[PDB]
Amino acid sequence: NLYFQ
Amino acid sequence: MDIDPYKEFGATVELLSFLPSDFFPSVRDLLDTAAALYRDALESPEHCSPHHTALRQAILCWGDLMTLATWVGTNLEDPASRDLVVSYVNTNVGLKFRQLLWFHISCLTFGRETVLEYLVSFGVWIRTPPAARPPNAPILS
Amino acid sequence: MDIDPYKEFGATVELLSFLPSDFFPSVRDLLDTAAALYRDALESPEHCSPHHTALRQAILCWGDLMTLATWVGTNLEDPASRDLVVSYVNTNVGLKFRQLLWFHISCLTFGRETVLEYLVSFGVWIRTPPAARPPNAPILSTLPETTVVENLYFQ
Amino acid sequence: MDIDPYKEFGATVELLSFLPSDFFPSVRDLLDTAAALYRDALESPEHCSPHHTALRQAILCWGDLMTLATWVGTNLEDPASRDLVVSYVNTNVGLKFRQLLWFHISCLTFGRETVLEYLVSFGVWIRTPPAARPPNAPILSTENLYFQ
Amino acid sequence: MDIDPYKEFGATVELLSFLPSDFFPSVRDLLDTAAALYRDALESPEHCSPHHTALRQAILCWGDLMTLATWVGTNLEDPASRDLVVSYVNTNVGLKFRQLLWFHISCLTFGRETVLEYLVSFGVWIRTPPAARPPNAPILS
Amino acid sequence: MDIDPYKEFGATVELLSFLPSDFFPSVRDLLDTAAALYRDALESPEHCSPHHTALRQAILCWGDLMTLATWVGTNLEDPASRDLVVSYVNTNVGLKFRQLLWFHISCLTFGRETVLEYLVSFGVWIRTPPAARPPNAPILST
Amino acid sequence: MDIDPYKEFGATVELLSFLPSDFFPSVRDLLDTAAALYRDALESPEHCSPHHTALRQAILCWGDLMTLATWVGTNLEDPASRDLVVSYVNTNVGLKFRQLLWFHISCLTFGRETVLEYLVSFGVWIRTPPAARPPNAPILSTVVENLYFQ
Ligand SMILES: C[C@@H]1[C@H](C)N(C(=O)Nc2cc(F)c(F)c(F)c2)Cc2c(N3CCCC3=O)cnn21
Ligand SMILES: C[C@@H]1[C@H](C)N(C(=O)Nc2cc(F)c(F)c(F)c2)Cc2c(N3CCCC3=O)cnn21
Ligand SMILES: C[C@@H]1[C@H](C)N(C(=O)Nc2cc(F)c(F)c(F)c2)Cc2c(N3CCCC3=O)cnn21
Ligand SMILES: C[C@@H]1[C@H](C)N(C(=O)Nc2cc(F)c(F)c(F)c2)Cc2c(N3CCCC3=O)cnn21
Ligand SMILES: C[C@@H]1[C@H](C)N(C(=O)Nc2cc(F)c(F)c(F)c2)Cc2c(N3CCCC3=O)cnn21
Ligand SMILES: C[C@@H]1[C@H](C)N(C(=O)Nc2cc(F)c(F)c(F)c2)Cc2c(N3CCCC3=O)cnn21
């Protein structure tokens, strides 16, 4: 996963 | 290693230490706030955000620290020595976790940029001698 | 509040505790490995991943624990009470941090699903009585970046 | 030579002294503010502004004054004389650097012309008997070019 | 905070220190020179340049140090004690300020790159044992 | 100056210190290997490579250190100090040179990248409790 | 093995020994010079040159030597024997490092061929009895032709 915040 | 817990959130230990010790709520009040506001998210199988990942660990680390400190406190038989532990915790790791829990709870509630600008405003305000200090302290919103 | 540090990572305290307590490296050895493999990432201004964020706190929390434990050691009169602190952290909290540091360091190196599969495999292998135990223990191994299908497709 | 540190900044020692002594933060609080707001600028290889250049020197100068005052205090035989040195510093050179550090930090933070106007406003406010003094003191609201 | 007063002028404390202490003029002689060469600019209500601004502070700072040492000196009965103060300011802060004032005064007369080139030339020259040392020392132009 | 002898070769002191101290051969065994593998190159008038240049200096530095340490131990007849200098050489400077000699010797044989992968692999393997430790240690190959 | 530290640089120990032991600065002065002149390059992740690689090692070896010598002196309490290590360093290892530091530091500034011609000129000059010795010592460094090719 490529985690966006 | 030299890890600063604030650095991946755009702050630093030195910056959080610009707020005076008595600015922060107690650790108990911060933990009651994290629960009242974020319990469901903190307990979920979702990461939610990097602040939630950090907050989760800090809450658990504080429980570990308190278990240890309680174990020492209760097994001491001298009120002087018990007071020395409490004082040492309140001065050192208690202040650290009040800074860190306040930071993550306030970032999640008001936003990181708002929190950082506020932090520096308050720090300036509180250092101003009372005769010249603005009547209204800065507010987060 | 009831927070499981592994829940957001797809695992649970009960699952990590399926590995025997003596499987895990020491904390010191885990911390050396985190540095050797991930120092630049752990120290950088970037989140990098939830594992990195959690690993950062775990490392600092161990240092908090050790600072407090050492300061308490420094105030004790009795030599036997110092060695009861040592036993105290290394029984109660040492195991818990060895699990957590191993988990994030290994997930960072091999991936969550590889690690959880290996974990239940090793747990079954080590509970097998040695006379019945298979000779080759499970091991974590890195997945290739390019499938064999992909290399053959471009021949 | 007769150099007034404020003159290139459009002020004078006489004008800063129009503020009462207990207006200014402590030197320790001013040095933590300079760090919290400007540390990266203060430590860079860029001039940034004439306030930065002055603040860099003033911070290092206070460091020199403290080293000197500490060596004096260490080497005095009388504990009462150590107190006199501390008192003398706070009433004199300490007040001077509270003024100076406050000035440069406030000019960076709020604007130099704003600070100069504010100074005269506050000195007038605080000299007013409290029965006539307006309830709210004046307050201020939160890279430039500079001519030689 | 870790501030190096030379860094905004392209140099460092370590570099100035490469010159030996007896290379620099005396503080009194450096303040006479600042006055003879630069007084009107130093005294004017204009910035002039970053070197002027720094030089203005260094001069005043030395006055501060000297005012404090003198006030101490006049409240000391023993002439040997005033001597130990005199020796001390010249030993410690004296060198620091001879470096700084020399640097600003020379940069204003001969320019930064000329001064830095010359500085390492002389530092190399003077570390050469005298039997091998070239006759012409480097000079500024 | 703070110089890290490994930096220009893509490594650090901290990284080499990830191998346990008893991983490395004796300095004497690394010196005999450097001679068996590279004596002709080390003694020639050509640079050969930065690793050769660095290895040449470390060999000679060890020579200077032992020359100084023997003169100390030999002018001290008391066995306590004669043996205390050996202990200090073993615990301190010896380990530094075993690291550095092994680094350069292995790099000349297998290359920097193969050596650094190996180092980290072995550093993890040897920290693994024997019950879980994979049967075959990593090695250096091709 | 028999390694000459100067051989890969086109010199030899015997030739550096042609300069007298009081031609060279102290090791301290050569180290402060190496820093003032080459610090950035010495501390960089780039090889830069074989002189930089070798100079890097010598700096650190001097560190090793002085740390060993200090720990010995720290654990010698008799006033006489602490001076014994200083003298030994001064007489033996210090001169070798002063040669080597000077060689690399000068080679990086002026070039091998310049340094070696200088070295031999100076060793001749200083051996010359003062009555006959030229006034100016050698130093480390056409009009018609330059104008002809304008
Ligand atoms: C940041 C300042 C001040 C300095 N405040 C805090 O720090 N509150 C705080 C208290 C906690 F218990 C806690 F866990 C926490 F993280 C922060 C309280 C505050 C507000 N609001 C918004 C609604 C109610 C309120 O007071 C606005 N601006 N401000
Ligand atoms: C200038 C007056 C008053 C007189 N204030 C100061 O002088 N603050 C001050 C404190 C320092 F620590 C310091 F280093 C400094 F240079 C100035 C404080 C102030 C503000 N603000 C803006 C955000 C919070 C606040 O209080 C506005 N108007 N005012
Ligand atoms: C830098 C060197 C040398 C080492 N000199 C100094 O440092 N002079 C110096 C003396 C001061 F009193 C002072 F305050 C200051 F900043 C510098 C003197 C000098 C000259 N010239 C030019 C005109 C006359 C002269 O002597 C040229 N090159 N050189
Ligand atoms: C080789 C001779 C002489 C014999 N000189 C040295 O050996 N200088 C020396 C000093 C050190 F501190 C050091 F670390 C080093 F490597 C060399 C000094 C020198 C120069 N120059 C050039 C600018 C200033 C100067 O004097 C020219 N020719 N010569
Ligand atoms: C790096 C590991 C292991 C950890 N080995 C060493 O470190 N050998 C070592 C011994 C020395 F004396 C020396 F000077 C040196 F630089 C290295 C030995 C080794 C081999 N090979 C290849 C042929 C025979 C062999 O055993 C392959 N992989 N490995
Ligand atoms: C999970 C098992 C076993 C059970 N191993 C561990 O747990 N290693 C370990 C050691 C640490 F010091 C540490 F901090 C950590 F997180 C993990 C070691 C291991 C490997 N590899 C890969 C290269 C070398 C090696 O042995 C593969 N599979 N396995």
# chains A, B, ... in the order shown; residues from 1 in each chain; ligands from 1
$ residues_around --residues "stretch 6-16 of chain G" --least-positions-apart "4" --cutoff "9 Å" --atoms "only C-alpha atoms" --output "ChimeraX atom specification"
/F:43-48,53 /G:20,50-51,96,99-100,103,112,116,119-120
$ write_last_selection --atoms "N, CA, C and O atoms" --output "PDB file, in the first residue's frame"
ATOM      1  N   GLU F  43      52.714  -3.841  -3.176  1.00  0.00           N
ATOM      2  CA  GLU F  43      54.101  -3.384  -3.282  1.00  0.00           C
ATOM      3  C   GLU F  43      54.435  -2.716  -4.615  1.00  0.00           C
ATOM      4  O   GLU F  43      55.589  -2.320  -4.817  1.00  0.00           O
ATOM      5  N   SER F  44      53.486  -2.582  -5.543  1.00  0.00           N
ATOM      6  CA  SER F  44      53.886  -2.058  -6.846  1.00  0.00           C
ATOM      7  C   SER F  44      53.856  -0.528  -6.880  1.00  0.00           C
ATOM      8  O   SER F  44      53.276   0.109  -6.001  1.00  0.00           O
ATOM      9  N   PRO F  45      54.469   0.095  -7.895  1.00  0.00           N
ATOM     10  CA  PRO F  45      54.385   1.562  -8.010  1.00  0.00           C
ATOM     11  C   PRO F  45      53.050   2.081  -8.532  1.00  0.00           C
ATOM     12  O   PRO F  45      52.903   3.297  -8.660  1.00  0.00           O
ATOM     13  N   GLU F  46      52.043   1.241  -8.791  1.00  0.00           N
ATOM     14  CA  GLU F  46      50.773   1.730  -9.316  1.00  0.00           C
ATOM     15  C   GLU F  46      49.736   1.858  -8.195  1.00  0.00           C
ATOM     16  O   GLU F  46      49.759   1.094  -7.229  1.00  0.00           O
ATOM     17  N   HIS F  47      48.844   2.861  -8.315  1.00  0.00           N
ATOM     18  CA  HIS F  47      47.764   3.027  -7.348  1.00  0.00           C
ATOM     19  C   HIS F  47      46.908   1.766  -7.257  1.00  0.00           C
ATOM     20  O   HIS F  47      46.547   1.341  -6.162  1.00  0.00           O
ATOM     21  N   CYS F  48      46.621   1.135  -8.395  1.00  0.00           N
ATOM     22  CA  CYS F  48      45.774  -0.050  -8.518  1.00  0.00           C
ATOM     23  C   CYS F  48      44.333   0.307  -8.211  1.00  0.00           C
ATOM     24  O   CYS F  48      43.492   0.196  -9.091  1.00  0.00           O
ATOM     25  N   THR F  53      45.258   1.702  -2.172  1.00  0.00           N
ATOM     26  CA  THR F  53      45.882   2.820  -1.474  1.00  0.00           C
ATOM     27  C   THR F  53      45.536   2.794   0.008  1.00  0.00           C
ATOM     28  O   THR F  53      46.426   2.898   0.859  1.00  0.00           O
TER      29      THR F  53
ATOM     30  N   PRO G  20      65.848  17.710   6.117  1.00  0.00           N
ATOM     31  CA  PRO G  20      66.179  17.551   7.546  1.00  0.00           C
ATOM     32  C   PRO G  20      64.946  17.561   8.447  1.00  0.00           C
ATOM     33  O   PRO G  20      63.886  18.129   8.145  1.00  0.00           O
ATOM     34  N   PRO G  50      44.048   9.829  -5.109  1.00  0.00           N
ATOM     35  CA  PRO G  50      44.799   8.921  -4.241  1.00  0.00           C
ATOM     36  C   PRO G  50      45.524   9.630  -3.116  1.00  0.00           C
ATOM     37  O   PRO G  50      45.629   9.083  -2.009  1.00  0.00           O
ATOM     38  N   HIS G  51      45.991  10.854  -3.339  1.00  0.00           N
ATOM     39  CA  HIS G  51      46.514  11.646  -2.229  1.00  0.00           C
ATOM     40  C   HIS G  51      45.471  11.887  -1.149  1.00  0.00           C
ATOM     41  O   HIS G  51      45.786  11.806   0.043  1.00  0.00           O
ATOM     42  N   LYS G  96      58.168  10.653  10.937  1.00  0.00           N
ATOM     43  CA  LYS G  96      57.596   9.944   9.809  1.00  0.00           C
ATOM     44  C   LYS G  96      56.250  10.540   9.400  1.00  0.00           C
ATOM     45  O   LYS G  96      55.944  10.664   8.202  1.00  0.00           O
ATOM     46  N   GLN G  99      56.819  13.980   7.686  1.00  0.00           N
ATOM     47  CA  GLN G  99      57.158  13.756   6.287  1.00  0.00           C
ATOM     48  C   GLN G  99      55.931  13.443   5.460  1.00  0.00           C
ATOM     49  O   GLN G  99      55.725  13.994   4.374  1.00  0.00           O
ATOM     50  N   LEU G 100      55.132  12.493   5.917  1.00  0.00           N
ATOM     51  CA  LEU G 100      54.043  11.995   5.093  1.00  0.00           C
ATOM     52  C   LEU G 100      52.941  13.051   4.942  1.00  0.00           C
ATOM     53  O   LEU G 100      52.431  13.275   3.831  1.00  0.00           O
ATOM     54  N   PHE G 103      54.163  15.690   2.639  1.00  0.00           N
ATOM     55  CA  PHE G 103      54.210  15.234   1.269  1.00  0.00           C
ATOM     56  C   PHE G 103      52.848  15.320   0.623  1.00  0.00           C
ATOM     57  O   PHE G 103      52.696  15.934  -0.427  1.00  0.00           O
ATOM     58  N   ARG G 112      53.010  16.708  -7.743  1.00  0.00           N
ATOM     59  CA  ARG G 112      54.149  15.815  -7.510  1.00  0.00           C
ATOM     60  C   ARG G 112      55.480  16.348  -8.053  1.00  0.00           C
ATOM     61  O   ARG G 112      56.474  16.396  -7.324  1.00  0.00           O
ATOM     62  N   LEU G 116      58.821  17.485  -5.906  1.00  0.00           N
ATOM     63  CA  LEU G 116      60.005  16.656  -5.783  1.00  0.00           C
ATOM     64  C   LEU G 116      61.223  17.441  -6.205  1.00  0.00           C
ATOM     65  O   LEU G 116      62.299  17.274  -5.632  1.00  0.00           O
ATOM     66  N   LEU G 119      62.012  19.564  -3.293  1.00  0.00           N
ATOM     67  CA  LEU G 119      62.589  18.768  -2.220  1.00  0.00           C
ATOM     68  C   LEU G 119      64.095  18.633  -2.393  1.00  0.00           C
ATOM     69  O   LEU G 119      64.872  18.692  -1.423  1.00  0.00           O
ATOM     70  N   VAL G 120      64.505  18.323  -3.612  1.00  0.00           N
ATOM     71  CA  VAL G 120      65.918  18.084  -3.858  1.00  0.00           C
ATOM     72  C   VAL G 120      66.701  19.399  -3.832  1.00  0.00           C
ATOM     73  O   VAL G 120      67.851  19.466  -3.356  1.00  0.00           O
TER      74      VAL G 120
END
$ interface_residues --of "chain C" --to "chain A" --cutoff "9 Å" --atoms "only C-alpha atoms" --output "MDAnalysis selection string"
chainID C and resid 48:50
$ write_last_selection --atoms "N, CA, C and O atoms" --output "short mmCIF file (atom, residue, chain, number, x, y, z; two decimals), in the first residue's frame"
data_model
loop_
_atom_site.label_atom_id
_atom_site.label_comp_id
_atom_site.auth_asym_id
_atom_site.auth_seq_id
_atom_site.Cartn_x
_atom_site.Cartn_y
_atom_site.Cartn_z
N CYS C 48 7.13 7.86 5.73
CA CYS C 48 7.59 6.66 5.02
C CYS C 48 6.51 5.59 5.05
O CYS C 48 6.07 5.16 3.98
N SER C 49 6.08 5.16 6.22
CA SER C 49 5.02 4.16 6.26
C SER C 49 4.53 4.05 7.69
O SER C 49 5.21 4.49 8.60
N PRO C 50 3.35 3.47 7.90
CA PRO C 50 2.87 3.26 9.26
C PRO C 50 3.80 2.42 10.09
O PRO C 50 3.95 2.62 11.30
#
$ residues_near_ligand --ligand "ligand 5" --cutoff "9 Å" --atoms "only C-alpha atoms and all ligand atoms" --output "PyMOL selection string"
chain F and resi 23-34+98+101-107+109+115+118-119+122+137-141
$ write_last_selection --atoms "N, CA, C and O atoms" --output "short mmCIF file (atom, residue, chain, number, x, y, z; two decimals), in the first residue's frame"
data_model
loop_
_atom_site.label_atom_id
_atom_site.label_comp_id
_atom_site.auth_asym_id
_atom_site.auth_seq_id
_atom_site.Cartn_x
_atom_site.Cartn_y
_atom_site.Cartn_z
N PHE F 23 33.42 -11.88 14.92
CA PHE F 23 33.28 -12.30 13.52
C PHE F 23 34.62 -12.23 12.75
O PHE F 23 34.84 -13.00 11.78
N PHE F 24 35.49 -11.28 13.09
CA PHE F 24 36.64 -10.95 12.26
C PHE F 24 37.82 -11.85 12.61
O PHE F 24 38.03 -12.19 13.79
N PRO F 25 38.65 -12.20 11.65
CA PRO F 25 39.93 -12.86 11.97
C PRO F 25 40.83 -11.94 12.78
O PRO F 25 40.56 -10.75 12.95
N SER F 26 41.94 -12.51 13.29
CA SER F 26 42.97 -11.69 13.95
C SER F 26 43.55 -10.69 12.97
O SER F 26 43.45 -10.86 11.77
N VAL F 27 44.11 -9.59 13.47
CA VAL F 27 44.83 -8.72 12.55
C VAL F 27 45.95 -9.51 11.86
O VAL F 27 46.19 -9.36 10.65
N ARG F 28 46.63 -10.37 12.59
CA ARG F 28 47.74 -11.13 11.96
C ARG F 28 47.23 -12.00 10.81
O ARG F 28 47.85 -12.08 9.74
N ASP F 29 46.05 -12.63 10.98
CA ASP F 29 45.52 -13.47 9.89
C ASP F 29 45.04 -12.65 8.70
O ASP F 29 44.98 -13.18 7.59
N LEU F 30 44.58 -11.40 8.92
CA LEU F 30 44.20 -10.54 7.80
C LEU F 30 45.42 -10.00 7.10
O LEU F 30 45.43 -9.84 5.88
N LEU F 31 46.46 -9.68 7.85
CA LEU F 31 47.71 -9.26 7.18
C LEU F 31 48.29 -10.39 6.32
O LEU F 31 48.75 -10.17 5.19
N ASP F 32 48.21 -11.64 6.80
CA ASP F 32 48.78 -12.72 5.99
C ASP F 32 47.92 -12.98 4.78
O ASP F 32 48.44 -13.36 3.74
N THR F 33 46.61 -12.69 4.88
CA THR F 33 45.74 -12.87 3.72
C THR F 33 45.98 -11.78 2.70
O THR F 33 45.93 -12.02 1.50
N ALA F 34 46.12 -10.53 3.16
CA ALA F 34 46.40 -9.44 2.24
C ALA F 34 47.66 -9.73 1.43
O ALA F 34 47.71 -9.51 0.21
N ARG F 98 40.83 -4.82 12.62
CA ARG F 98 40.23 -6.04 12.05
C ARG F 98 39.05 -5.69 11.18
O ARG F 98 38.90 -6.25 10.08
N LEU F 101 40.65 -3.84 7.93
CA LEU F 101 41.38 -4.76 7.05
C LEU F 101 40.44 -5.73 6.36
O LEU F 101 40.55 -5.95 5.14
N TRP F 102 39.47 -6.27 7.11
CA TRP F 102 38.53 -7.20 6.53
C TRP F 102 37.74 -6.50 5.45
O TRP F 102 37.55 -7.03 4.36
N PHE F 103 37.32 -5.28 5.73
CA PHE F 103 36.55 -4.53 4.75
C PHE F 103 37.29 -4.43 3.43
O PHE F 103 36.77 -4.80 2.38
N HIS F 104 38.49 -3.87 3.46
CA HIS F 104 39.23 -3.69 2.22
C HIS F 104 39.58 -5.02 1.56
O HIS F 104 39.45 -5.15 0.34
N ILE F 105 40.01 -6.01 2.35
CA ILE F 105 40.36 -7.31 1.72
C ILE F 105 39.14 -7.93 1.05
O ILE F 105 39.20 -8.35 -0.11
N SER F 106 37.97 -7.92 1.74
CA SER F 106 36.80 -8.51 1.15
C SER F 106 36.34 -7.70 -0.06
O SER F 106 35.89 -8.27 -1.07
N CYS F 107 36.41 -6.36 0.04
CA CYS F 107 35.97 -5.55 -1.10
C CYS F 107 36.81 -5.81 -2.33
O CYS F 107 36.27 -5.86 -3.45
N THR F 109 38.11 -8.54 -3.12
CA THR F 109 37.81 -9.86 -3.67
C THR F 109 36.42 -9.96 -4.27
O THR F 109 36.24 -10.66 -5.28
N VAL F 115 29.81 -7.10 -0.63
CA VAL F 115 30.26 -7.10 0.76
C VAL F 115 29.21 -6.46 1.68
O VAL F 115 29.03 -6.89 2.83
N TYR F 118 26.18 -8.83 2.18
CA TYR F 118 26.67 -9.87 3.08
C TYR F 118 26.71 -9.41 4.54
O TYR F 118 26.28 -10.13 5.46
N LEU F 119 27.29 -8.23 4.79
CA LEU F 119 27.49 -7.77 6.15
C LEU F 119 26.17 -7.68 6.90
O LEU F 119 26.05 -8.07 8.07
N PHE F 122 24.56 -11.20 7.40
CA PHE F 122 25.21 -11.95 8.47
C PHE F 122 24.91 -11.32 9.81
O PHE F 122 24.71 -12.04 10.80
N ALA F 137 24.38 -20.05 7.11
CA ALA F 137 24.78 -18.65 7.15
C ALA F 137 24.92 -18.12 5.73
O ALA F 137 25.19 -18.88 4.79
N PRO F 138 24.69 -16.82 5.53
CA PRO F 138 25.12 -16.19 4.29
C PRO F 138 26.63 -16.32 4.11
O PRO F 138 27.38 -16.52 5.07
N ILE F 139 27.08 -16.21 2.84
CA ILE F 139 28.51 -16.16 2.50
C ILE F 139 28.73 -15.16 1.37
O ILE F 139 27.79 -14.59 0.81
N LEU F 140 30.01 -14.93 1.03
CA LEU F 140 30.41 -14.13 -0.12
C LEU F 140 30.76 -15.02 -1.31
O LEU F 140 31.56 -15.95 -1.17
N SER F 141 30.16 -14.74 -2.48
CA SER F 141 30.30 -15.60 -3.65
C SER F 141 30.42 -14.79 -4.93
O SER F 141 30.03 -13.62 -5.00
#
$ atom_distance --atom1 "atom CA of residue D:88" --atom2 "atom CA of residue D:122"
26.5 Å
$ residues_near_ligand --ligand "ligand 4" --cutoff "9 Å" --atoms "only C-alpha atoms and all ligand atoms" --output "PyMOL selection string"
(chain E and resi 118+120-138) or (chain G and resi 23-34+37+98+101-107+109+115+118-119+122+137-141)
$ residues_near_ligand --ligand "ligand 6" --cutoff "6 Å" --atoms "only C-alpha atoms and all ligand atoms" --output "ChimeraX atom specification"
/C:25,29-30,33,102,105-106,139-141 /F:121-122,124-125,127-128,132-134
$ residues_near_ligand --ligand "ligand 3" --cutoff "9 Å" --atoms "only C-alpha atoms and all ligand atoms" --output "VMD selection string"
chain E and resid 23 to 34 37 98 101 to 110 115 118 to 119 122 138 to 141
$ atom_distance --atom1 "atom CA of residue D:115" --atom2 "atom CA of residue D:137"
14.2 Å
$ closest_residue --among "D:43, D:77, D:29, D:143" --to "chain B" --atoms "only C-alpha atoms"
D:29
$ interface_residues --of "chain G" --to "chain F" --cutoff "7 Å" --atoms "only C-alpha atoms" --output "ChimeraX atom specification"
/G:1-3,5,7-8,35,39,43-47,50,53-54,57,61,65
$ write_last_selection --atoms "C-alpha atoms" --output "PDB file, in the first residue's frame"
ATOM      1  CA  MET G   1      55.163  -7.280   3.139  1.00  0.00           C
ATOM      2  CA  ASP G   2      57.494  -4.391   2.327  1.00  0.00           C
ATOM      3  CA  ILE G   3      55.395  -1.406   1.342  1.00  0.00           C
ATOM      4  CA  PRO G   5      53.983   4.614   1.412  1.00  0.00           C
ATOM      5  CA  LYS G   7      56.097   4.362  -3.948  1.00  0.00           C
ATOM      6  CA  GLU G   8      52.656   4.604  -5.607  1.00  0.00           C
ATOM      7  CA  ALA G  35      41.872  21.039   7.632  1.00  0.00           C
ATOM      8  CA  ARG G  39      38.590  19.646   5.054  1.00  0.00           C
ATOM      9  CA  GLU G  43      35.328  14.548   4.785  1.00  0.00           C
ATOM     10  CA  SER G  44      33.386  13.975   1.568  1.00  0.00           C
ATOM     11  CA  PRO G  45      32.004  10.628   0.313  1.00  0.00           C
ATOM     12  CA  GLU G  46      34.183  11.055  -2.846  1.00  0.00           C
ATOM     13  CA  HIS G  47      37.678   9.530  -3.259  1.00  0.00           C
ATOM     14  CA  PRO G  50      44.799   8.921  -4.241  1.00  0.00           C
ATOM     15  CA  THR G  53      42.668   8.642   0.310  1.00  0.00           C
ATOM     16  CA  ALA G  54      46.146   8.303   1.717  1.00  0.00           C
ATOM     17  CA  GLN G  57      44.358   7.342   6.497  1.00  0.00           C
ATOM     18  CA  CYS G  61      46.453   6.794  12.093  1.00  0.00           C
ATOM     19  CA  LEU G  65      48.800   6.638  17.745  1.00  0.00           C
TER      20      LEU G  65
END
$ residues_around --residues "residue D:140" --least-positions-apart "2" --cutoff "10 Å" --atoms "only C-alpha atoms" --output "ChimeraX atom specification"
/B:134 /D:106,109-111,114-115,117-118,138,142
$ write_last_selection --atoms "C-alpha atoms" --output "compact mmCIF listing (two decimals), in the first residue's frame"
# COMPACT_ATOMS: atom_id res chain seq x y z
CA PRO B 134 -2.50 41.31 25.49
CA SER D 106 9.91 42.36 17.62
CA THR D 109 8.03 39.60 13.91
CA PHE D 110 5.79 42.69 13.71
CA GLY D 111 7.55 45.19 11.46
CA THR D 114 4.96 49.26 13.65
CA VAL D 115 7.31 48.63 16.58
CA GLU D 117 4.96 53.59 16.84
CA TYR D 118 4.03 50.93 19.37
CA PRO D 138 -1.95 49.17 22.63
CA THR D 142 1.61 39.70 13.48
$ closest_residue --among "G:63, G:135, G:73, G:79" --to "chain E" --atoms "only C-alpha atoms"
G:135
$ interface_residues --of "chain D" --to "chain E" --cutoff "6 Å" --atoms "only C-alpha atoms" --output "PyMOL selection string"
chain D and resi 3+7-8+43+45-47+61+148
$ write_last_selection --atoms "C-alpha atoms" --output "compact mmCIF listing (two decimals), in the first residue's frame"
# COMPACT_ATOMS: atom_id res chain seq x y z
CA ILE D 3 27.80 54.48 18.12
CA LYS D 7 20.41 54.52 14.84
CA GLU D 8 20.70 52.48 11.61
CA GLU D 43 22.23 29.90 11.76
CA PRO D 45 24.94 31.51 5.65
CA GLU D 46 22.49 34.23 4.50
CA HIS D 47 22.60 37.80 5.82
CA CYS D 61 27.79 39.13 22.84
CA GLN D 148 22.59 51.14 2.50
$ residues_around --residues "residue F:21" --least-positions-apart "4" --cutoff "9 Å" --atoms "only C-alpha atoms" --output "list in words"
residues 17, 95, 98 and 99 of chain F
$ atom_distance --atom1 "atom CA of residue C:81" --atom2 "atom CA of residue C:67"
16.9 Å
$ residues_around --residues "residue F:135" --least-positions-apart "5" --cutoff "12 Å" --atoms "only C-alpha atoms" --output "ChimeraX atom specification"
/C:135-139 /F:125-126,128-130
$ write_last_selection --atoms "N, CA and C atoms" --output "compact mmCIF listing (two decimals), in the first residue's frame"
# COMPACT_ATOMS: atom_id res chain seq x y z
N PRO C 135 12.98 -31.33 8.86
CA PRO C 135 14.36 -30.82 9.00
C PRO C 135 14.52 -29.34 8.70
N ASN C 136 13.93 -28.86 7.60
CA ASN C 136 14.00 -27.43 7.23
C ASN C 136 12.90 -26.56 7.89
N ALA C 137 13.28 -25.72 8.86
CA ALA C 137 12.39 -24.73 9.46
C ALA C 137 11.89 -23.74 8.41
N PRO C 138 10.71 -23.17 8.60
CA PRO C 138 10.31 -22.07 7.73
C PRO C 138 11.29 -20.91 7.90
N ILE C 139 11.41 -20.12 6.84
CA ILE C 139 12.19 -18.89 6.91
C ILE C 139 11.47 -17.81 6.12
N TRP F 125 21.58 -12.68 10.78
CA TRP F 125 21.57 -14.12 11.03
C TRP F 125 22.13 -14.46 12.42
N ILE F 126 23.26 -13.85 12.77
CA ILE F 126 23.99 -14.17 14.00
C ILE F 126 23.25 -13.66 15.22
N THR F 128 19.93 -13.88 15.39
CA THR F 128 18.80 -14.78 15.48
C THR F 128 19.09 -15.92 16.46
N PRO F 129 18.24 -16.14 17.48
CA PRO F 129 18.40 -17.30 18.39
C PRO F 129 18.53 -18.61 17.62
N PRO F 130 19.45 -19.48 18.04
CA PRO F 130 19.76 -20.69 17.23
C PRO F 130 18.55 -21.53 16.79
$ decode --residues "stretch 55-66 of chain F" --atoms "C-alpha atoms" --output "mmCIF file, in the first residue's frame"
data_model
loop_
_atom_site.group_PDB
_atom_site.id
_atom_site.type_symbol
_atom_site.label_atom_id
_atom_site.label_comp_id
_atom_site.auth_asym_id
_atom_site.auth_seq_id
_atom_site.Cartn_x
_atom_site.Cartn_y
_atom_site.Cartn_z
ATOM 1 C CA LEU F 55 44.923 -0.950 2.525
ATOM 2 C CA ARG F 56 48.563 0.059 2.056
ATOM 3 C CA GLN F 57 48.188 2.753 4.717
ATOM 4 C CA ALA F 58 46.396 0.512 7.228
ATOM 5 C CA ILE F 59 49.077 -2.152 6.974
ATOM 6 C CA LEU F 60 51.742 0.445 7.711
ATOM 7 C CA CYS F 61 49.668 2.090 10.453
ATOM 8 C CA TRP F 62 49.327 -1.232 12.243
ATOM 9 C CA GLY F 63 53.084 -1.524 11.958
ATOM 10 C CA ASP F 64 53.472 1.894 13.676
ATOM 11 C CA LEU F 65 50.977 0.958 16.417
ATOM 12 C CA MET F 66 52.695 -2.349 17.189
#
